[PDB]
Amino acid sequence: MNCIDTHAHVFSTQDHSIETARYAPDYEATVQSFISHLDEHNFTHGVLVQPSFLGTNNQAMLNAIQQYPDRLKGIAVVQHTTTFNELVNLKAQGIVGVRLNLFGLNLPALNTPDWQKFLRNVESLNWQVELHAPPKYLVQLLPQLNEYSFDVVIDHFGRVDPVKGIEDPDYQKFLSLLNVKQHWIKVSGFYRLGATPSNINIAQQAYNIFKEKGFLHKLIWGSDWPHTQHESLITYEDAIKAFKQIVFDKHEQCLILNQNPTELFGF
């Protein structure tokens, strides 16, 4: 559990891309290729996350985990009406949380009884809840999630608005809602924050803020390989490189790459 990449996706063109997909990549993103990047950089572990365009069919990810059960865990996407038993079954296959990827979608109501039931189940399973969502959505979600004992994990610096930036009131509210006892932030995907070299500075500011708020041990990193819709501009090496720019101090790199994700994912 020395060195952990907590955000990548595998998929193939053989996999079914759902009818309403925002996009549909036209290439192979194999476990093989992914484990190959981990090896090339001394990463001991990685976390596969279910992609938006693959809906609630978690099979590609499930198969990849099984091949490298000692190095990989997963975050699934499921209907909130999935039964406890089914969830227990995913848990048995190395799935350790579920993801609310709400880009291009409506903000669901989490208070409703059916949502509460799902969520109480996730809580029981010691699973985490991962969010990928705009600050205007996060400001809405955290308050509801405050009511459960699970870890809440926020994707890609909390997806700071490309335009409104750090001072975006929604981002400011989001920051204030963070609780050191529950929330974790991924310092991945700086390149989804805008174009270069701006987006790295945004990433750097967000990081500093996290630091001052007291959240250093709540921070984890991900390559966000294979960098969908950014393939021309971003390699694994580019991901690694920006991280070291954002997180210059190597003691902090150790916490972020090693202790923090070890503790969260219990690798």
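For GluC sites (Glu not before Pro), the sites in the range 124-173 that DSSP calls loop and that have at most 13 other Cβ atoms within 10 Å are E147, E167. Report P(r) for the range 112-251: all Cα-Cα distances, bin width 5 Å, range 0 to the bin holding the largest distance, values in whole percent. Calculated over all Cα pairs of the range 112-251, the distribution is 2, 10, 19, 22, 19, 14, 9, 4, 1, 0 percent.
Relative contact order of the chain: 18 percent, from C-alpha pairs under 8 Å at least 6 residues apart in sequence. Taking the chain as a Gaussian network, Cα atoms linked when under 10 Å apart, which of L233, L145, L62 shows the biggest mean-square fluctuation? Of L233, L145, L62, the most mobile in the Gaussian network model is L233. Length, then width, then depth: along the principal axes, the Cα atoms of the chain run 44, 40, 35 Å. Over the chain, dividing the summed -39,500 (n - 2.57) contributions of all DSSP H runs of at least 4 residues by the number of residues returns a 222 nm mean residue ellipticity of -10500 deg cm²/dmol. Comparing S188, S36, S149 in a Gaussian network model of the chain (Cα springs below 10 Å), the most mobile by mean-square fluctuation is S36. Taking the chain as a Gaussian network, where each spring joins two C-alpha atoms under 10 Å apart, which residue of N106, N58, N201 fluctuates the most? Among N106, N58, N201, the largest GNM mean-square fluctuation belongs to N106. Ratio of Rg to Rh for the range 195-240, alpha carbon only, Kirkwood? Using Cα coordinates only, the ratio equals 1.04. Under the combined filter of DSSP loop state and at most 16 neighbouring Cβ atoms within 10 Å, the range 11-41 retains these GluC sites (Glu not before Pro): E19, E28.
Just the number, please: percent antiparallel of the DSSP beta bridges in the chain, rounded to the nearest 5.
5
We place every Cβ from the backbone using ideal geometry, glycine too, and count neighbours over all the protein chains shown. FYI, it's all coordinate maths here, none of it is from the lab.
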